[PDB]
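Note that we place each Cβ from the backbone using ideal geometry, even for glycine, and neighbour counts take in every protein chain shown. Values in this text are rule-based calculations from the coordinates and carry no lab data.
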Amino acid sequence: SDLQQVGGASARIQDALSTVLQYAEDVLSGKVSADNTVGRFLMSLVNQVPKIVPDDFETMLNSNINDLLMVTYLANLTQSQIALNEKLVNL
Amino acid sequence: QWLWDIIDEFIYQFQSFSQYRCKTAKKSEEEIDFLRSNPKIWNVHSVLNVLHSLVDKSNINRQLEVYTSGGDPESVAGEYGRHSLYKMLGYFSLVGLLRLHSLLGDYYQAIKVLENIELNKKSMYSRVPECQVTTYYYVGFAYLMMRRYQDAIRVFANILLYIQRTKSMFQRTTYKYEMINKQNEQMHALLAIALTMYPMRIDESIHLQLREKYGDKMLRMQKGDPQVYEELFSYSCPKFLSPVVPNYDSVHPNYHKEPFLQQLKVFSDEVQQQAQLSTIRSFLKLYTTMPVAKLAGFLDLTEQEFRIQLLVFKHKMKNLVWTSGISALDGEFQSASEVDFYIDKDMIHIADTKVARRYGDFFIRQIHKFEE
Amino acid sequence: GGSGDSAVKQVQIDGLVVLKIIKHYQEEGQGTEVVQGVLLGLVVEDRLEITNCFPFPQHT
Amino acid sequence: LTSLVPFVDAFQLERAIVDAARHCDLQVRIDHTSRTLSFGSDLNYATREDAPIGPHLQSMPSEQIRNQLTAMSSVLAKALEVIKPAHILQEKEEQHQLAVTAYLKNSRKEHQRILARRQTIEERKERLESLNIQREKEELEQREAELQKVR
Amino acid sequence: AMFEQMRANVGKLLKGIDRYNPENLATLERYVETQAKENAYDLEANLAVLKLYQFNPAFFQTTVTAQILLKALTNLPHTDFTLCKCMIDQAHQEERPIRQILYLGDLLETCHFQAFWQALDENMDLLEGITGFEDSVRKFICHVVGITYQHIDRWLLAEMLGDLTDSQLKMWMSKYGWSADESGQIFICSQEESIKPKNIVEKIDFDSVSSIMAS
Amino acid sequence: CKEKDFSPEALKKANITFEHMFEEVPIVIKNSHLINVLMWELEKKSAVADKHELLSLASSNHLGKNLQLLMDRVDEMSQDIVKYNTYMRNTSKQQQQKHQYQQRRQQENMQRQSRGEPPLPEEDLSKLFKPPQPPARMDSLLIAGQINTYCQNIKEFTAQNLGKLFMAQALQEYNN
């Protein structure tokens, strides 16, 4: 959970830099080392996430939501049934 | 004897206890603060709002079964014993709601329900799960009398589930518990058949044993059998106008039968049309867009012979459950196919098993509290 | 604040202790439950400040 | 693939194709009736594509996604523009180069404070709390002679 | 011009104790006839009168009871005719005009409007005393066509309306915003107005479930 | 003490009912000024020799891509759950095969003989009620059984949240 805020923190300076790198060439003559590097640096991210934009990927993902949440659901069920043997033998 | 004197022993104790709470709940916070402070058991003077009311719900129609027309006791019940408890300042605890549950207990026996817009509006006191079970019990019948059963299907599932978390521990119901379990079973079996194929809401409260039994009944009443509706009505016919119990079945008086007929004639005129409504919608909408030959494929199935095939189907389209259309140039009956979803019943029980962990963690640490 | 039952305080492990643990982390014993040492601390305010610890080399 | 793989057999080829995949070496859809063979991306990406968790091919695989990919790609590949081409971290971590240096000026004050304090602790914890381990060894001797009195 | 005048004395009557003993069949029962003359409506005023006929079957009238019944039929599909069945005994359900209008109410709520207007006595004494009953039936005729229908034939709507050909057909075509459609129809609704899926789009189930379980 | 013992000192020790998990203390919370120079190693990587700090950030992006971070743990968990629970239940059944399933027939043998002869022993009355091998609660296996199955729920609560925080982030960061 703390990695998510760290993942949002590295996200923030990326947007804080590269939107100024938009502004760099948009003022006079910036985005020189950022024209075809930061255009590639963002491409190094979007090759990882998001996948290009497939909807069957999201349908796989929403399945993989409903897969691992069902794993989380039965983890919550085995959370109880472990105790239901544990707590009955401690009456 | 052994009943009628004890009826009058109860009612005179009831109409006296109708008076002791009518006087000392309006201006006084003095006997109330006496009742909050010196008795530590909060139960007993909230028992009397349910113990004395439930047997008053018995004993009033016990005399009203004999005193059929020109009858005393419901006027003795509602106007003097119940409405005196109804319109007051609240006993600021679980008494002030249960005085309305005393009133709505006879405002349900009286079939005169419209004030369910009022009974929950002045019920701005905290809806405790002790009263919330009796809330969705009583209030859901007005939705069952609203003929909008797609909203009534969800209310009776709450009170039948009994994972609505009540625990009291001083015989609070009182002396009658599985009657509530069996009536809401029949009220939800009433709602199981009436809308299926759309529920798919018969799964949580009704368990899989009665899902098979009443669901096979749900097939047959929709496949045509009136024996299910005979089971659905006759098991439920006292369950709309029960006192809790009648007096004594006999042959000589004509009296007892006369409100027994009043229980029969009311709720058969409503649901028998719904038994025909369950037959009209019964066929699965196999395909959304029918041609005329497959319109006549379903006009065959709607009603044939012969005359009045289109107009009977017109009557059977217009039952709120067939949103359809004729393409008169194309010859293309364009209708609906409404279908539903199943799998989402794991999002509710994910916290219930987080409770089933915690509820197992609770009492055994309470056992560990008594052996610490 | 950090007491348990009548003799025990909490532990305070600074990072200079931690690095010597991750010299013998899950190596020199990977699928082998190396008891990676005994926590040599000192009893100070509310906390058992570990100062240095030594990895016990079981015959791994 | 029958032609593009010039194996000696075709039936024992396609069986050995499954004899990989039946024993979880890759993802195939071979008993399609018209004899196709798809793979999928990702769509099977748990173990069976890997043979069994470790590949035998070279790193021609594509970007697949598992647990905490999207979080940790937000960690690195979003910071991939943050460390090197930026000045926004360079102004922040040169600040942190000085923000430590304020604590490092305090660290030299702590290089004399631990010199003042924990040197005294170095001698006292060598003696005082070492007696408290020896107190646990002396109280055990105390309970032995006490038990040797009322029997 | 009579509804809101006698509404308050009725509204005080219905929300007190004034409705379990048959002594209030002279403020409410004329107010049922007030519902008749004006095509405005109160239900418990009808329903209390019915309770005073059920609890003591010695006061049971015919006109006001059918004025309860016909103002039940004007406000369909509310449960007023339901609450009509809730009190009237079956021996009281067989008296003119209680029995006939309960038979009219069988043909209205089940949408037998062909069978309604044919088996309706085309002019009957209390149909006109309830003002707008001709309107509110043909409202409730074209009500169920509004929710549960797409496209109708030119005959087929006036067939639902009853004993009409084209003129008052258009008085229930140009009233509810209905055009004509080509060869030969009335644009009741669109073709997309039929399916209307209510529960297909579910399983967005992450955010509520993980948040009660993250800790 | 000592210790947790198997058939004796397990009914006795669990009627006192000592806890099974207790006091996992909070460990590192403060700048204790042993910190000093590793703080000063942080500012340098921070600074212009910053190639080693991004490599630890590079250790994030590949920890999430291809490892069965949930599944291989859960498969070790489902291994540990299907084994250690049933053995406690094989403990719980075998004790109830002895606590009562013996004593349902032990008293049945005892009550049948009219509980003794007056002029003589009471021979078999002394012979009957021989105690079974678990008579009480088996609360040496059961305590660490109560520990390690609770430790399985920690691995569950690990596998629950680590599931969520990606099922958030994938549904999050794909969605643009």
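Annotation: F:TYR84 fulfils all but one of (1) without any contact (Cβ under 8 Å) to a residue 24 or more places away in the chain; (2) of a type in the set (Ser, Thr, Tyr); (3) within 30 Å of F:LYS164 (Cβ to Cβ); the unmet one is (1).
Taking the conditions exactly as written (away from chain F (no Cβ under 14 Å), in a loop (DSSP other than H, G, I, E, B) and closer than 29 Å to D:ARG135 by Cα), does C:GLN30 satisfy them or not? Working first, answer last.
Working: away from chain F (no Cβ under 14 Å): yes; in a loop (DSSP other than H, G, I, E, B): yes; closer than 29 Å to D:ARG135 by Cα: no.
The answer is no for C:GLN30.
On inspection, F:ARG115 qualifies as without any contact (Cβ under 8 Å) to a residue 40 or more places away in the chain and among the basic types (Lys, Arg). A residue that is within 14 Å of chain E (Cβ to nearest Cβ), without any contact (Cβ under 8 Å) to a residue 40 or more places away in the chain and closer than 26 Å to E:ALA214 by Cβ cannot be found anywhere in segment F:141-152.
Taken over segment E:45-85, residues that are at the interface with chain B (Cβ under 7 Å from one of its Cβ atoms), part of a helix (DSSP H, G or I) and more than 20 Å from E:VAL10 (Cα to Cα) amount to 2.
Restricting segment E:2-44 to residues that are among the small types (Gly, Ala, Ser) and assigned to a loop (DSSP other than H, G, I, E, B), the residue that is surrounded by the most Cβ atoms within 10 Å (Cβ to Cβ) is E:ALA40.
E:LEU161 satisfies every condition listed in (1) aliphatic (A, V, I, L, M); (2) within 14 Å of chain B (Cβ to nearest Cβ); (3) touching a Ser or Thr at 6+ places or on another chain (Cβ under 9 Å) except (3). Quick one: would you say E:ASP166 is within 14 Å of another protein chain (Cβ to nearest Cβ) and more than 19 Å from the chain's Cα centre (by Cα)? Taking the combined requirement at face value, the residue does not satisfy it. When you check B:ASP352 against the structure, is it within 10 Å of chain E (Cβ to nearest Cβ), in a helix (DSSP H, G or I) and of a type in the set (D, E, K, R), yes or no? Judged against the criteria, B:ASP352 is not a match.
Can you tell me which residue within segment B:145-164, out of those that are away from chain E (no Cβ under 14 Å) and within 23 Å of B:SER53 (Cβ to Cβ), is nearest to the chain's Cα centre (by Cα)? Let's see the steps before the verdict.
Keep residues of segment B:145-164 that are away from chain E (no Cβ under 14 Å), which gives B:155-164.
Then drop every residue that is not within 23 Å of B:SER53 (Cβ to Cβ), which leaves B:155-156, B:158-160, B:162, B:164.
On the way: B:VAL155: 8, B:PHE156: 6, B:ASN158: 11, B:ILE159: 9, B:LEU160: 10, B:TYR162: 14, B:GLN164: 15 Å.
Among them, the one singled out is B:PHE156.
Looking only at residues in segment B:165-207 that are within 24 Å of B:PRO238 (Cα to Cα) and acidic (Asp, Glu), the one that is surrounded by the most Cβ atoms within 10 Å (Cβ to Cβ) is B:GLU185. Of all the numbered requirements in (1) in contact with a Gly (Cβ under 9 Å, 6 or more places away or on another chain); (2) within 23 Å of E:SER208 (Cα to Cα); (3) away from chain D (no Cβ under 11 Å), A:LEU68 misses one, and that requirement is (3).
Of A:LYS87, A:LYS31, all but one fail to be of a type in the set (D, E, K, R) and either under 18 Å from D:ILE88 (Cα atoms) or surrounded by fewer than 15 Cβ atoms within 10 Å (Cβ to Cβ) (or both); the exception is A:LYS31. All conditions in (1) more than 30 Å from F:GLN160 (Cα to Cα); (2) more than 33 Å from the chain's Cα centre (by Cα) hold for B:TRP322, with the sole exception of (2).
Please enumerate the residues belonging to segment B:91-128 that are among the small types (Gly, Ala, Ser), in contact with a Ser or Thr (Cβ under 7 Å, 6 or more places away or on another chain) and under 23 Å from E:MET87 (Cα atoms).
Keep residues of segment B:91-128 that are among the small types (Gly, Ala, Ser), which gives B:93, B:96, B:102, B:105, B:110, B:123, B:126.
Next cut, in contact with a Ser or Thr (Cβ under 7 Å, 6 or more places away or on another chain) only: B:93, B:102, B:105.
Scanning segment B:91-128 gives B:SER102, B:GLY105.
Within segment F:1-48, being more than 13 Å from chain D (Cβ to nearest Cβ) and hydrophobic (A, V, I, L, M, F, W, C) holds for F:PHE6, F:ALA10, F:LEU11, F:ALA14, F:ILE16, F:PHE18, F:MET21, F:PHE22, F:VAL25, F:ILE27, F:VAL28, F:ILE29.
Being of a type in the set (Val, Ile, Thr) and closer than 16 Å to B:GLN109 by Cβ is the filter here, so list the residues in segment B:55-99 that pass it. I'd like the intermediate steps shown before the answer.
Here is the first cut: in segment B:55-99, the residues of a type in the set (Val, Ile, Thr) are B:55, B:60, B:66, B:68, B:76, B:95.
If the condition is that a residue be of a type in the set (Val, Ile, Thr) and closer than 16 Å to B:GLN109 by Cβ, then B:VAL55, B:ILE60, B:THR68, B:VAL76 are the ones that fit.
Among the residues of segment F:49-76, the one identified as more than 7 Å from chain D (Cβ to nearest Cβ) and either of a type in the set (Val, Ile, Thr) or surrounded by 19 or more Cβ atoms within 10 Å (Cβ to Cβ) (or both) is F:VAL74.
Only residues that are buried (at least 19 other Cβ atoms within 10 Å of the Cβ) and either outside any loop (DSSP other than H, G, I, E, B) or at the interface with another protein chain (Cβ under 7 Å from one of its Cβ atoms) (or both) were counted in segment D:43-89, giving 21. Of all residues in segment A:55-73, none satisfies being in contact with an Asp or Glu (Cβ under 6 Å, 6 or more places away or on another chain), β-branched (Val, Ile, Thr), free of Cβ contacts under 8 Å to residues at least 40 places away in the same chain and on the phi < 0 side of the Ramachandran plot.
One line per residue, one yes/no per condition, for (1) more than 9 Å from every other protein chain (Cβ to nearest Cβ); (2) exposed (fewer than 12 other Cβ atoms within 10 Å of the Cβ); (3) within 17 Å of D:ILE133 (Cα to Cα); (4) not β-branched (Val, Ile, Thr):
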site: C:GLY1; (1), (2), (3), (4): yes, yes, no, yes
site: C:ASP14; (1), (2), (3), (4): no, no, no, yes
site: C:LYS20; (1), (2), (3), (4): yes, no, no, yes
site: C:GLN26; (1), (2), (3), (4): yes, yes, no, yes
site: C:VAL34; (1), (2), (3), (4): yes, no, no, no
site: C:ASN52; (1), (2), (3), (4): yes, yes, no, yes
site: C:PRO55; (1), (2), (3), (4): yes, no, no, yes
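Look at E:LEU126 and say whether it is buried (at least 16 other Cβ atoms within 10 Å of the Cβ) and either at the interface with chain B (Cβ under 7 Å from one of its Cβ atoms) or more than 25 Å from B:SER337 (Cβ to Cβ) (or both). Here the answer is yes, as E:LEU126 does meet what is asked.
Looking at segment B:95-123, which of its residues are charged (D, E, K, R) and in a helix (DSSP H, G or I)? Write out each step before concluding.
Initially, segment B:95-123 is screened for residues charged (D, E, K, R), giving B:99, B:106, B:112, B:115, B:118, B:121-122.
Those that are charged (D, E, K, R) and in a helix (DSSP H, G or I): B:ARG99, B:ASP106, B:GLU115.
Here is the figure for segment D:110-151: residues that are surrounded by 10 or more Cβ atoms within 10 Å (Cβ to Cβ) and outside any helix (DSSP H, G or I) total 1. Only one of the listed residues (B:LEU329, B:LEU311) is free of Cβ contacts under 8 Å to residues at least 24 places away in the same chain, within 11 Å of chain E (Cβ to nearest Cβ) and part of a loop (DSSP other than H, G, I, E, B). That residue is B:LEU329. When segment B:231-252 is filtered for residues that are touching a helix residue (DSSP H, G or I) at 6+ places or on another chain (Cβ under 7 Å) and either outside any helix (DSSP H, G or I) or surrounded by fewer than 17 Cβ atoms within 10 Å (Cβ to Cβ) (or both), the ones remaining, listed by number, are B:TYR235, B:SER236, B:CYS237, B:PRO238, B:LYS239, B:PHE240, B:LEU241, B:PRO243, B:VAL244, B:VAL245, B:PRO246, B:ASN247. Within the option set B:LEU54, B:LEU64, B:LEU48, B:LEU35, being in contact with a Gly (Cβ under 7 Å, 6 or more places away or on another chain) and not β-branched (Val, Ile, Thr) holds for one residue only, B:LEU64.
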